[PDB]
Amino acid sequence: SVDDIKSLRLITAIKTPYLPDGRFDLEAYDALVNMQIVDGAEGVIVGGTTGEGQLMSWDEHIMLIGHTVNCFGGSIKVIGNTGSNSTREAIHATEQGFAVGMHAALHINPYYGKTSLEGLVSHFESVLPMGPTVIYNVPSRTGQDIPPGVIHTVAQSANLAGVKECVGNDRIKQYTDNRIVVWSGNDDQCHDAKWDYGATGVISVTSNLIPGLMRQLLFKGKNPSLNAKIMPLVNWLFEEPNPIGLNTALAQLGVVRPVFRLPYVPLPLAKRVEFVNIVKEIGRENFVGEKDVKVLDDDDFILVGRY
């Protein structure tokens, strides 16, 4: 149901952990989703940008979606990132994603191979009939800012749940004033988006590391001292493009193996020493996992190009 999605506040763009040979680490993955559920995350994006969907083959991706529904579908909402810059792929991945039982679809606009505003309408209308859909706007990554007019055109579909919006709180307000549910895509803006700009919540990267704190941040009420306290973490996580920092942090925490699928590559030593201090400053207990945080040696990391 659409309204079940519209009412979600904390959705995690869950990271996809790997085995040393590059394959998904499903044991680690399950542990990750369990810690999300425990600390009150209400949804997960499967193979989003943070989940490195762009580096998956489709059978892996659909497997991971079906897996998450199968294991956790009764505790958390499952949102498959089945979007693509290719309409054919979007169509195919969306209908199969829904068939294995995902609750909603995340659809970005075609990136790289940008299309016209007419083309966008055609693209979204190809997948909107399939079920609850969250449209995903991230111009910094795609090359194209989806204008409000396009969002209003396709909002005629009952199946539009809302927008994962990344251009900023000004855009969110443009939408939330006009009866369109929005989740902030930026962790450094999402407190204000929720409390001041009418966002329903966040689709979050940082909730991978501190789900409990991100829950407190969105559920209880305004709280700038909590927002300020997590900000040094948030900044560290985005000095290089996401999910490079997240990947690096989760491995320092022991919850995932220090394995990267290329083109991503871990943060250097100096940055890794820094994270240890950010953890110490915020308190290890707020971070996922139980293991003492490590700095890790350069030689600990495994980069995979062929898998």
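The first residue of the shown sequence is 1; numbering continues from there.
Stretches compared: 60-68, 37-45. Higher mean C-alpha B-factor in the entry: 37-45. Averaged over Cα atoms, the B-factor as recorded in the entry is higher for 191-199 than for the other of 82-90 and 191-199. As recorded in the PDB entry, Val279 shows the highest C-alpha B-factor of the residues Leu26, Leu55, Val256, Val279. Ranking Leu106, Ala99, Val154, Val127 by the C-alpha B-factor listed in the PDB entry places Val154 at the top.
The entry lists a Cα temperature factor for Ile244 that places it in the lowest third of the chain's modelled residues. Per-chain ranking of the deposited C-alpha B factor places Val273 in the highest third. Ranked by Cα temperature factor within the chain, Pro20 sits in the middle third according to the deposited record.
Annotation for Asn159: C-alpha temperature factor in the middle third relative to the rest of the modelled chain, per the entry. Among the modelled residues of the chain, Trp183 sits in the middle third by CA temperature factor in this PDB entry.
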